[PDB]
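For reference, the chain that follows is the form deposited in one PDB entry, supplied as structure tokens.
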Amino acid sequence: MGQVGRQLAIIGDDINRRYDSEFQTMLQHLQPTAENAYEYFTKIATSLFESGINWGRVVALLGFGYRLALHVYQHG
């Protein structure tokens, strides 16, 4: 339990360090606003899952959406 919790922390911190900078760049090429962010996310979800759905892709979309939310906060 406590040991697996720490291993999840290592995986979690690993996910952060690997892809967080990749999301920032994906948001720059996007240039989203407070009026296209929801439709962009919804269309991106359909486009992603059309080629297949797995837990990694769901987890990638959730992290991207959270980073999308932060980007629209900071540059809106």
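Don't overthink the numbering: it's just position in the shown sequence, from 1. Note that the rigid core is defined as the largest set of C-alphas that superpose within 1.5 Å between two forms.
Just so you know, the form deposited in another entry exists too; it's not on screen, but the next bit is about it.
Annotation: Cα of residue 33 displaced by at least 2 Å between this form and the one not shown, core superposition.
Distance between the C-alpha atoms of residue 20 and residue 41: longer in the other form than here (change of 3 Å or more).
In summary, the C-alpha positions of residue 44 and residue 32 diverge in the other form, ending up at least 3 angstroms farther from each other than in this conformation.
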